[PDB]
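Notes follow once the structure below has been shown.
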Amino acid sequence: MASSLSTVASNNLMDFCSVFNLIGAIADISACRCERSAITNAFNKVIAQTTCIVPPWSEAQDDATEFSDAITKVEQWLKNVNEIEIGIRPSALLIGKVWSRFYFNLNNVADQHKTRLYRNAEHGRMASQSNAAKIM
Amino acid sequence: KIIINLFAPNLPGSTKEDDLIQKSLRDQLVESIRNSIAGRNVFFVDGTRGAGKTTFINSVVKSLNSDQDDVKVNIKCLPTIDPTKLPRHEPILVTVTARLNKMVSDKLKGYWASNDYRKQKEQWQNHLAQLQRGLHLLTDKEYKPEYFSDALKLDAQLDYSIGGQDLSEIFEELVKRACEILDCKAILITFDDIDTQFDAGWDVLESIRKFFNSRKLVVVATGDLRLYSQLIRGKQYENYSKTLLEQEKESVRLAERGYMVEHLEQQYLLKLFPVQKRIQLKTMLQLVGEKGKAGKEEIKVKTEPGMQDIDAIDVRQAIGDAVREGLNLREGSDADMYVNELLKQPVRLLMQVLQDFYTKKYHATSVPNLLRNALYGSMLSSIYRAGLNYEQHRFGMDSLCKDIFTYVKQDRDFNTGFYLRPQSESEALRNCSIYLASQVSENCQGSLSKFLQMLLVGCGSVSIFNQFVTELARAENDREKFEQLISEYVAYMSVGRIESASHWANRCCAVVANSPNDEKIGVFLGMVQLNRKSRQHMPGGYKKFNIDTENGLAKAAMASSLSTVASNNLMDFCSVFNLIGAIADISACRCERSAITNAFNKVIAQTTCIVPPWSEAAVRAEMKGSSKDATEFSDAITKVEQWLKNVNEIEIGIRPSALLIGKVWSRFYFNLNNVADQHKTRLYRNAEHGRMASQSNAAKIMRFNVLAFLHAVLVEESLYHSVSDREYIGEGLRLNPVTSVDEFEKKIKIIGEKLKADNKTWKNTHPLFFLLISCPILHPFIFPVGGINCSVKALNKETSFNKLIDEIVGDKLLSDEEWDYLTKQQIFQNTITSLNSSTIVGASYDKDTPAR
Amino acid sequence: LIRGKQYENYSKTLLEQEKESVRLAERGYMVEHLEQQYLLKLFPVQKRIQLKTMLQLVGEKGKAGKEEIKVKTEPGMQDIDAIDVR
Amino acid sequence: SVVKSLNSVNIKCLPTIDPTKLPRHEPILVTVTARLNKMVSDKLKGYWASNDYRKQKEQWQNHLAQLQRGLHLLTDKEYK
RNA sequence: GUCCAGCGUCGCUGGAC
C-alpha cells in the first residue's frame with residue numbers, strides 16, 4: 001500500500017492510489033541485486049521525501065524488523081528474475097500491443113464504477129456494488 | 001593487458017605512455033586495408049566529442065611505415081590551410097613527387113649510375129609535364145578553340161586508351177608509375193577536418209570521386225557527417241533554374257523539390273563513404289564495460305611512484321576512490337553515477353584529471369580541495385562557457401550560492417535541480433555539474449554554520465522561488481518577463497552579498513507571506529502570523545502576544561524567532577527559518593566570552609523588511625514608512641558558552657556532501673507543507689492548552705515546525721553521510737512527525753539500541769544530530785506549555801521521548817516539577833509560557849471541537 | 001565577426017529555400033557551435049586576462065578597496081590633500 | 001606598458017601594430033616581415049664585428065627572396 | 001477596556017486614557 005501512494009500539492013494536498021506506481025516500484029526494485037538495502041529503499045523512495053506541484057497549463061512488533069519477511073520474499077523473488085529474464089526477447093510491437101490493451105482496459109473500468117458506490121458498498125459481494133478495493 | 005603509469009619519468013601531459021587506448025582498433029583497421037588492396041576504398045573515421053582523431057590517424061600512418069605489403073603513406077593535408085584558389089589535386093601531386101624525388105635522389109647512394117636510374121628519372125619528368133598541359137582545363141571559365149587541337153593531338157606512348165585530354169586517366173598513369181618506382185602496392189592519402197573552414201569540403205568531395213578512383217589508391221577521411229550532409233544539400237539547389245524557383249512556388253512544388261533534393265544527397269553519401277567501411281572510436285566506458293561485467297579488455301592504473309604492476313588497480317576503481325573521497329560520498333548507487341558519466345569523457349582528457357589528482361595527493365604526505373583543483377585545469381572551457389564563476393581565487397560562500405542559482409536557471413529544473421546531478425543534454429552543463437558538486441563539499445567541510453548557510457541560501461532560495469515567485473510570470477509565455485523577474489529576485493534576496501543568515505530569513509518571510517491562502521488564515525509554509533493589536537472579543541484565554549511575559553531564556557528564544565514585515569499594515573511573524581538564521585550566525589563566532597555577549601545581543605533585535613518589488617503594495621509600504629534583561633541574560637550566555645565549547649571539538653570531522661544537504665532540504669521542505677496544511681483547520685474555540693490531538697493552537701504549530709527540522713536532520717544523515725559506512729535506521733517505513741511525536745521518538749529508540757551493540761557513541765556516527773539536539777536556543781520550543789498532548793495513550797510516548805532526549809544531550813533539561821505542570825504560580829525559565837494563548841490573524845473562533 | 005564569416009559558407013540558394021522554423025533552428029545551432037570551437041582553439045581560456053573596472057578597484061560603499069585612487073581638482077591643490085575618487 | 005616592461009631568457013618586442021591604421025589591401029604577413037627586417041638589418045649594420053655579417057647576411061637575404069617568390073599566393077583572385 | 005483616526009476588500013494597523 002505504501003508503494004501505491006502519491007501526494008500532489010495544489011492549494012490542498014491530495015492523495016491518490018495509482019496503479020502506475022506499482023509498475024514503478026517493480027521496475028525500481030528489479031534494477032539490481034548488488035545490495036540488500038536497495039529493495040527497502042524502493043518502498044520509501046518517494047512516499048514522504050518529495051512534493052509535486054500542479055502543472056503550469058492547469059486552468060487553476062519491534063518496529064525495526066517489520067519488513068524482515070517482505071524483504072525476504074522479495075529477495076528470493078529476485079533469484080528467479082535473474083535467471084528467467086535472460087531468455088526474454090521483447091519486440092517493438094509486443095510493447096506497443098500490451099499498452100493498447102492495458103490502456104483500453106483501464107478506461108473501461110473507471111467508467112463502470114463511478115456509479116456503483118452507493119451507501120452499503122462495504123463488504124462488496126454483488127457485482128452491482130463496488131468500493132475502493134474492487135476498483136484497485 | 002594494459003598498464004598506465006601516472007608517474008612517467010618526464011611527467012608528460014595526458015600521460016600517453018604506451019599502447020595508447022585503441023591498440024585493438026588500430027590493428028583491426030590496418031588489417032582491413034591490406035585485405036582490400038590485395039574501386040572504392042574510402043574509409044571514414046568519425047572523430048567527435050572532441051576526440052583525438054588526428055592522434056589516432058597518425059598512429060595508423062606510422063604503423064603502415066613498417067608493413068609486409070609496404071603500402072606507403074603520404075603526409076596529412078589539412079584542407080583549411082591550403083591556399084584558397086589552389087585545387088586539392090595539387091597537394092597530392094606535390095606530396096607524391098616530393099616523396100618520390102627523395103628516393104631517386106637516394107638511389108645515388110645505392111647506385112652512383114644505373115640504367116634504371118637514368119631512365120626512371122626522365123620517364124617521371126615526362127608524366128609531370130604531361131599533366132601540366134592538361135591542368136589548364138580545371139579553373140578555366142571559357143573554352144577557347146585552341147584546346148581542340150591538343151585533344152585531337154595523339155601520343156603514341158603512355159597508352160592513353162580513352163581519347164581526349166581526360167585528366168582522370170593522366171593522373172592514373174602517374175600514380176601507377178610512382179608505385180612501381182617506389183616498389184609499393186598502394187599510395188595512401190589522409191584528409192583532416194574541415195571544421196574551421198566549412199566550404200573546404202566540397203572541393204574535396206568532388207575530388208575523391210573524380211581523380212582518386214583507382215585500384216592502387218586508398219584514402220582515409222575524418223570529420224563529421226552533419227557538415228557534409230549540409231554541404232551536399234546546398235550544392236543540389238544551385239542547379240535548379242533560378243527563374244523557375246520564383247515561378248512555380250505554389251506550395252506543392254516546394255514539397256516535390258524538397259523531397260527530391262533529400263533523395264539526391266542520400267545516394268551521394270552512400271556512394272562515397274560506404275556503411276561497411278565507416279569506423280567508430282570506442283569510448284572508455286565501452287572498453288572497460290559496466291561494473292560487474294567483464295566486457296572488453298580490462299585496464300590497470302598505477303597510483304604511486306615505483307608501484308609494482310602486480311598491484312595496479314582497475315581504472316573504474318581508480319576513479320571510484322577519487323569521487324567518493326573527493327565528494328564525501330558513500331559507496332552507494334549515486335557515486336556510481338558520477339564515475340559512469342566521467343568514464344564517457346575522452347581518454348586524453350581523463351588521464352589529465354587523474355594525473356593532477358594522484359600526484360598532488362602523494363606529495364601531500366583536504367582531499368576535496370585537491371579534486372576541485374584537478375578539474376579546474378581540465379574542464380576550464382566548460383566552466384567559462386556555462387557562465388559560472390571561473391576566477392582561480394576568490395572562492396567562498398559569496399560566489400557558490402550565485403553559481404548554484406545561475407546553473408539551475410540555465411538547466412530549467414527548479415524541482416530537483418539543486419542535487420547537482422549530471423543528467424543534462426549539454427556537455428558543458430554535464431561538465432559543470434561535477435565541478436559544482438566538488439566545490440560544495442570543500443566549502444562546508446569541518447564547520448556547522450557554513451553547512452546551515454548552504455541549506456538555507458543555496459537550496460532554500462531555489463525551492464522558494466519555484467513555488468511562489470514563478471507562478472507570477474511563467475517562462476513559456478514570454479522571456480522578457482521571466483528574465484526580468486529573475487534579476488529582481490536575486491537582488492532582493494541579496495544572493496552573493498549574503499550579509500547575514502538572519503538577513504535571508506527575514507526576506508524569505510516576506511516572499512512567502514506575499515501569496516496568501518484562499519481561506520485567509522495566518523499560517524504559512526514555515527511561519528505563523530502572530531497578531532500585533534488586541535482584537536475585539538476573545539472567547540477564551542486568547543490575548544495579545546506580549547513578549548514581555550516571557551522569562552529569561554524563553555524571551556531569548558522569542559526575540560530570536562520574531563521578525564516583522566511592512567506591507568500595508570505592520571505584520572508580525574514567527575518563522576522557523578529565523579531560528580536557523582540564529583544558529584548560523586552564532587556558530588561562526590570562534591571567539592571568547594567577551595564577543596559572545598556582543599554576538600548574542602546582535603542576534604536578538606527587531607528587524608523590519610520591505611515587500612519585494614513584484615508585489616501590489618510596494619509603493620504604499622514605502623510611503624507609510626517603517627516605524628512605530630542584560631542581568632538576566634547571563635544564564636543564557638552561560639549556556640551557549642558551554643555549547644560552543646562542544647561545537648568546536650565536534651565539528652572538526654564532519655563531511656557534508658552536495659547530496660546530503662540536498663536530501664535534507666527535500667524532507668524538511670515537504671514536512672513543513674504537511675504541518676501547515678494539517679493544522680490549518682483545527683483552531684476551534686476552546687483549543688488552548690492542547691491536551692488533545694484533535695485541537696491545535698499556535699504553540700503546537702511551532703513545536704512541530706522546529707521538530708520537523710530536527711527529524712529531517714536525523715533520517716537523511718544516517719542514510720547519507722561519509723563518516724559512517726552503514727546505516728542504523730533499520731528495515732522499516734520512514735514517515736514524518738506531522739501531528740504526533742511518536743514517529744520521531746520511534747527512530748530514536750531504534751538507533752539507540754543499535755549503537756550500544758557496536759559500542760559507538762553519537763559523536764562518531766551522528767555528529768550533526770547531536771550538535772543540533774543540544775542547542776540551547778531551541779530547547780524551549782521542543783516542550784511548550786500548550787503544545788503537549790496529555791492523553792493516557794500518548795503520554796507514555798512523550799515521557800519516553802523526554803528520557804531519550806536527556807540521555808542524548810547528557811543533562812536533565814526539565815525538572816520533575818516542571819514536567820508535572822506541563823501535563824496538568826510557577827515560573828519557567830526554559831519553557832514558553834505564553835505562546836499558546838496568542839491569537840492568529842484571519843482565524844475566526846467559531847464552532848467547537850468535534851463531538852465524541 | 002566570426003559568425004558573419006560562417007553564414008557565408010552556406011549555399012545562398014539553400015538559405016532562401018528551406019525557410020522553415022524547424023530548419024532555422026537546426027542551422028542556428030550548427031553556427032553558434034562552430035564559432036565557439038574557433039575561439040576556444042585560437043585564444044585559449046587559461047590565457048585570457050580581463051581588465052578591472054572602477055567599481056572593482058574602489059569598492060562598494062564602505063567595503064575595503066583593492067587599490068587606492070585619488071584625484072586632484074585644482075592646479076593649486078597639494079598631493080597630500082587629494083580626495084578619493086568616490 | 002606591458003611592452004615597455006618587457007623591453008627594459010631574452011624576448012625582443014616587436015613594435016605594436018594596429019590593423020585599422022594600415023593600407024586596406026596590405027596583408028598582415030607583409031607588415032610583420034617588414035618590421036622584422038628593420039631590426040635584423042639594424043643589428044647587422046651596428047654589429048660590425050669580424051665577417052659574421054657576410055655569411056649571416058647572405059642566409060637572411062636568401063630567405064627574404066624565397067618569401068617574395070611565394071607571396072603571389074596571398075594576393076591571387078584565381079589560380080595561374 | 002473605551003474612544004478617535006488610517007490601510008486593504010469585514011479584516012488589519014496606529015494613537016489616546
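Ordering of the C-alpha cells sets the chain letters (A, B, ...); residue numbers start at 1 within each chain; ligands are numbered from 1 in the order shown.
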Selection near residue 38 (chain A), 12 Å with only C-alpha atoms (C1' of nucleotides), sequence-local residues under 6 positions removed, as an MDAnalysis selection string: (chainID A and resid 25 28:32 44:45 71 74:75 78) or (chainID B and resid 332:333 719 731)
Could you tell me which residues of chain E sit within 7 Å of chain B when counting only C-alpha atoms (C1' of nucleotides), and give me the result as JSON, numbers by chain? {"E": [7, 12, 13]}
Could the residues in this selection be saved with N, CA, C and O atoms (P, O5', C5', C4', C3', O3' and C1' of nucleotides) as a PDB file, in the first residue's frame?
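File produced: out-v2.pdb:
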ATOM      1  P     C E   7      -5.741  55.962   4.203  1.00  0.00           P
ATOM      2  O5'   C E   7      -5.291  54.437   4.324  1.00  0.00           O
ATOM      3  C5'   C E   7      -3.985  54.035   3.942  1.00  0.00           C
ATOM      4  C4'   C E   7      -3.833  52.533   3.899  1.00  0.00           C
ATOM      5  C3'   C E   7      -4.802  51.767   3.014  1.00  0.00           C
ATOM      6  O3'   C E   7      -4.468  51.816   1.639  1.00  0.00           O
ATOM      7  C1'   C E   7      -4.588  50.666   5.089  1.00  0.00           C
ATOM      8  P     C E  12      -8.210  41.068  12.620  1.00  0.00           P
ATOM      9  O5'   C E  12      -7.048  42.017  12.093  1.00  0.00           O
ATOM     10  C5'   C E  12      -5.971  41.492  11.334  1.00  0.00           C
ATOM     11  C4'   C E  12      -5.254  42.575  10.572  1.00  0.00           C
ATOM     12  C3'   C E  12      -4.572  43.644  11.408  1.00  0.00           C
ATOM     13  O3'   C E  12      -3.314  43.236  11.910  1.00  0.00           O
ATOM     14  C1'   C E  12      -5.805  44.671   9.682  1.00  0.00           C
ATOM     15  P     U E  13      -2.827  43.737  13.353  1.00  0.00           P
ATOM     16  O5'   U E  13      -2.524  45.285  13.146  1.00  0.00           O
ATOM     17  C5'   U E  13      -1.391  45.709  12.407  1.00  0.00           C
ATOM     18  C4'   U E  13      -1.351  47.209  12.250  1.00  0.00           C
ATOM     19  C3'   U E  13      -1.366  48.025  13.530  1.00  0.00           C
ATOM     20  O3'   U E  13      -0.094  48.100  14.146  1.00  0.00           O
ATOM     21  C1'   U E  13      -2.876  48.959  11.966  1.00  0.00           C
TER      22        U E  13
END
Using backbone DSSP assignments, extract all alpha helix (DSSP H) residues from chain A; output them as a VMD selection string. chain A and resid 19 to 29 38 to 41 70 to 84 94 to 109 132 to 135
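Going from CA of residue 120 (chain B) over to CA of residue 151 (chain B), you cover 26.7 Å.
Near chain C, within 9 Å and counting only C-alpha atoms, the residues of chain B are residues 195, 196, 197, 198, 199, 226, 227, 230, 231, 233, 234, 235, 236, 237, 238, 242, 245, 254, 258, 377, 380, 381, 384 and 385 of chain B.
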Take the residues just selected and output them with N, CA, C and O atoms as a CSV table (one decimal), in the first residue's frame.
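Once written, again11.csv looks like this:
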chain,number,residue,atom,x,y,z
B,195,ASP,N,36.4,21.6,-40.2
B,195,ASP,CA,35.5,22.4,-39.3
B,195,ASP,C,35.8,23.9,-39.3
B,195,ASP,O,34.9,24.7,-39.3
B,196,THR,N,37.1,24.3,-39.3
B,196,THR,CA,37.4,25.7,-39.3
B,196,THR,C,36.9,26.4,-40.5
B,196,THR,O,36.3,27.5,-40.4
B,197,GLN,N,37.1,25.8,-41.7
B,197,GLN,CA,36.6,26.4,-43.0
B,197,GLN,C,35.5,25.4,-43.5
B,197,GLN,O,35.8,24.4,-44.1
B,198,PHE,N,34.2,25.9,-43.4
B,198,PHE,CA,33.1,25.0,-43.7
B,198,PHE,C,33.2,24.6,-45.2
B,198,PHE,O,32.9,23.4,-45.5
B,199,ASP,N,33.5,25.5,-46.1
B,199,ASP,CA,33.3,25.3,-47.5
B,199,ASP,C,34.4,24.5,-48.1
B,199,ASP,O,34.3,24.1,-49.3
B,226,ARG,N,27.5,15.8,-40.3
B,226,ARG,CA,26.5,16.8,-40.3
B,226,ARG,C,26.9,18.0,-41.2
B,226,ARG,O,26.0,18.5,-41.9
B,227,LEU,N,28.2,18.3,-41.3
B,227,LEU,CA,28.6,19.3,-42.2
B,227,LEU,C,28.6,18.8,-43.6
B,227,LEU,O,28.2,19.6,-44.5
B,230,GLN,N,25.0,18.9,-45.0
B,230,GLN,CA,24.6,20.3,-45.3
B,230,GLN,C,25.4,20.8,-46.5
B,230,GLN,O,24.9,21.6,-47.3
B,231,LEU,N,26.6,20.3,-46.7
B,231,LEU,CA,27.4,20.8,-47.9
B,231,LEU,C,26.8,20.2,-49.2
B,231,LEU,O,26.7,20.9,-50.2
B,233,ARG,N,23.7,19.0,-49.7
B,233,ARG,CA,22.4,19.6,-49.9
B,233,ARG,C,22.4,21.0,-50.5
B,233,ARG,O,21.6,21.4,-51.3
B,234,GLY,N,23.4,21.8,-50.0
B,234,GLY,CA,23.5,23.1,-50.5
B,234,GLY,C,23.8,23.2,-52.0
B,234,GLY,O,23.3,24.1,-52.7
B,235,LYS,N,24.7,22.3,-52.5
B,235,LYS,CA,25.1,22.3,-53.9
B,235,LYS,C,24.0,21.7,-54.8
B,235,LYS,O,24.2,21.8,-56.0
B,236,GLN,N,23.0,21.0,-54.2
B,236,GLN,CA,22.0,20.4,-55.1
B,236,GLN,C,20.8,21.3,-55.4
B,236,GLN,O,20.0,21.0,-56.2
B,237,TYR,N,20.8,22.5,-54.7
B,237,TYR,CA,19.8,23.5,-55.1
B,237,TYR,C,20.3,24.5,-56.1
B,237,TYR,O,19.5,25.1,-56.8
B,238,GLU,N,21.6,24.6,-56.3
B,238,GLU,CA,22.2,25.6,-57.2
B,238,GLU,C,22.0,25.2,-58.7
B,238,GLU,O,22.3,26.1,-59.5
B,242,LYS,N,17.1,29.3,-61.9
B,242,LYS,CA,16.8,30.4,-60.9
B,242,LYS,C,15.4,31.0,-61.2
B,242,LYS,O,14.7,31.2,-60.2
B,245,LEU,N,12.4,29.0,-59.8
B,245,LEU,CA,12.2,29.0,-58.4
B,245,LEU,C,11.2,30.0,-58.0
B,245,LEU,O,10.3,29.8,-57.1
B,254,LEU,N,7.2,23.0,-53.8
B,254,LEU,CA,8.2,23.1,-52.8
B,254,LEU,C,8.3,21.8,-52.1
B,254,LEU,O,9.5,21.3,-51.9
B,258,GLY,N,11.8,19.6,-52.4
B,258,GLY,CA,12.4,19.2,-51.1
B,258,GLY,C,12.6,17.7,-51.0
B,258,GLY,O,13.6,17.2,-50.6
B,377,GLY,N,41.7,22.8,-14.1
B,377,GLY,CA,42.7,22.8,-15.2
B,377,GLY,C,42.3,21.9,-16.4
B,377,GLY,O,43.0,22.0,-17.4
B,380,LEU,N,38.2,23.8,-17.9
B,380,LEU,CA,38.1,25.2,-17.8
B,380,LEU,C,37.2,25.8,-18.9
B,380,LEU,O,36.5,26.8,-18.6
B,381,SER,N,37.2,25.3,-20.1
B,381,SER,CA,36.3,25.8,-21.1
B,381,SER,C,34.9,25.7,-20.8
B,381,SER,O,34.1,26.6,-21.0
B,384,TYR,N,33.7,28.3,-18.2
B,384,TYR,CA,33.6,29.6,-18.7
B,384,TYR,C,32.3,29.7,-19.6
B,384,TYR,O,31.6,30.6,-19.6
B,385,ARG,N,32.1,28.7,-20.5
B,385,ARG,CA,31.0,28.7,-21.4
B,385,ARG,C,29.7,28.8,-20.8
B,385,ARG,O,28.8,29.5,-21.2
Residues of chain B no more than 9 Å from chain A, counting only C-alpha atoms: send them over as a list in words. residues 415, 467, 471, 474, 517, 518, 663, 666, 667, 668, 669, 670, 671, 673, 674, 677, 729, 730, 731, 732, 733, 734, 735, 736, 746, 747 and 750 of chain B
Proximal residues of chain D relative to chain B (only C-alpha atoms; 12 Å) as a PyMOL selection string: chain D and resi 70-80
Output of the above residues as a PDB file, in the first residue's frame, restricted to C-alpha atoms:
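What landed in result_35.pdb:
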ATOM      1  CA  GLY D  70      55.702  32.769 -52.793  1.00  0.00           C
ATOM      2  CA  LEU D  71      53.881  35.989 -51.914  1.00  0.00           C
ATOM      3  CA  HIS D  72      51.708  35.747 -55.040  1.00  0.00           C
ATOM      4  CA  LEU D  73      49.585  33.042 -53.389  1.00  0.00           C
ATOM      5  CA  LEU D  74      48.270  35.582 -50.877  1.00  0.00           C
ATOM      6  CA  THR D  75      47.019  38.106 -53.446  1.00  0.00           C
ATOM      7  CA  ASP D  76      45.665  35.930 -56.273  1.00  0.00           C
ATOM      8  CA  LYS D  77      41.994  36.072 -57.367  1.00  0.00           C
ATOM      9  CA  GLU D  78      42.476  32.885 -59.427  1.00  0.00           C
ATOM     10  CA  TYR D  79      44.932  30.061 -59.953  1.00  0.00           C
ATOM     11  CA  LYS D  80      47.666  30.588 -62.537  1.00  0.00           C
TER      12      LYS D  80
END
Can you tell me, as an mmCIF file with C-alpha atoms, in the first residue's frame, what residues are no more than 7 Å from residue 85 (chain C) when counting only C-alpha atoms (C1' of nucleotides), ignoring any on the same chain fewer than 3 positions away?
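The file below, part16.cif, is the result:
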data_model
loop_
_atom_site.group_PDB
_atom_site.id
_atom_site.type_symbol
_atom_site.label_atom_id
_atom_site.label_comp_id
_atom_site.auth_asym_id
_atom_site.auth_seq_id
_atom_site.Cartn_x
_atom_site.Cartn_y
_atom_site.Cartn_z
ATOM 1 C CA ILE C 69 42.857 56.087 -6.180
ATOM 2 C CA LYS C 70 42.805 59.839 -5.551
ATOM 3 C CA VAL C 71 42.191 62.813 -7.835
#
What's around region 96-113 of chain A at 12 Å? Count only C-alpha atoms (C1' of nucleotides), leave out sequence neighbours fewer than 5 positions away in its own chain, and write the answer as a PyMOL selection string. chain A and resi 18-20+90-91+118+121+127-136
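CA of residue 222 (chain B) sits 6.4 Å away from CA of residue 191 (chain B).
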DSSP on the backbone: what in region 504-597 of chain B comes out strand (DSSP E or B), as an MDAnalysis selection string? chainID B and resid 523 527:528 530 543 562:566 570:575
